[PDB]
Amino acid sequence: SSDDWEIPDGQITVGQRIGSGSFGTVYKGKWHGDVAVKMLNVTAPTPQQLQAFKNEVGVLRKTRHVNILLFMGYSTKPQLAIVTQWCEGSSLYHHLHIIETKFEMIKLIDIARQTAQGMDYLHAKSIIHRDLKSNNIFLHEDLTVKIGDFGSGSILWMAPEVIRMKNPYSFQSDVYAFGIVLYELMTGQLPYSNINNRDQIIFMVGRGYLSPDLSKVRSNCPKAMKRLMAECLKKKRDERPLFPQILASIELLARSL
């Protein structure tokens, strides 16, 4: 009846520092092979740091799905640490905007389908991601989407009610962020690339004066995908579909290719 989440003491090792994440540092490590380890640098955590760790473990431990980054376990001795699978590859952001990988339409639609599958799973478990974006979508072996929270470089994916600010976060604000990921996949670009001012973007998206230019979608982008993108991006949160409907739309347009 137990999940045995707590990793035995003196087993995890960490190597290369790969980044920063929420409460600490992310390393490539070893625990029954390659793993990613998010570890608190200090030995004595503040009650807040400990609470942030417990909340993150509580969310991750409820997930078991191929499209969610695999949570493996946690340790509190000698330091607070969360262990996940190690993914070989790059995030969708890195692919589209750094190394500019050119995916075929069938593969772009499949990345969208798998992300919607993972998001539908999280929402069914009442988990609102709050920071869905292409950098939080990992292409494991550059084939399987793994949603995680790897990391303000998140305004482009922010729903207008989240920009405006209370609790503006909902399943619908995650749907909007997914709409932006759909825009990235179908255009190969980040929205608002011709606006060099962050304050203006924040202000205008929040007022509904500015929205992504859907005419930028590739020519081989199906019409139903463009319509789905438009629905996910609705300025009013109540007008946006939820992931079971988004999933059904993607599955159908993928069969019609």
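Residue numbers run from 1 along the displayed sequence. Each form is matched to the other, and the largest set of C-alpha atoms that superpose within 1.5 Å is called the rigid core.
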query	finding
Greatest C-alpha divergence in 4 other deposited structures of this protein once each structure is fitted on the rigid core, 243-251 or 7-15	7-15
Larger mean CA deviation from the shown form in 4 other deposited structures of this protein [core fit; 31-39 vs 205-213]	31-39
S20 unmodelled in at least a third of other compared entries	yes
Unmodelled stretch of the deposited sequence separating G151 from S152, binned as none, 1 to 3, 4 to 9 or 10 or more	10 or more
Deposited residues lacking coordinates between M165 and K166 (none, 1 to 3, 4 to 9, 10 or more)	1 to 3
Stretch exceeding the other in mean C-alpha B-factor - 10-18, 235-243	235-243
Higher-B stretch (mean Cα B-factor, as the entry records it), 64-72 or 44-52	44-52
Options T101, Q117, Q79, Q172 - largest CA temperature factor per the record	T101
Deposited CA B-factor, highest of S211, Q200, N220, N194	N220
Chain thirds of CA B-factor: placement of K226	highest
Chain third (lowest, middle, highest) by recorded CA B-factor, residue given as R207	middle
Chain third (lowest, middle, highest) by recorded CA B-factor, residue given as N135	lowest
Among modelled residues of the same chain, the CA temperature factor third for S90	middle
Cα B factor band for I111 (lowest, middle or highest third within the chain)	middle
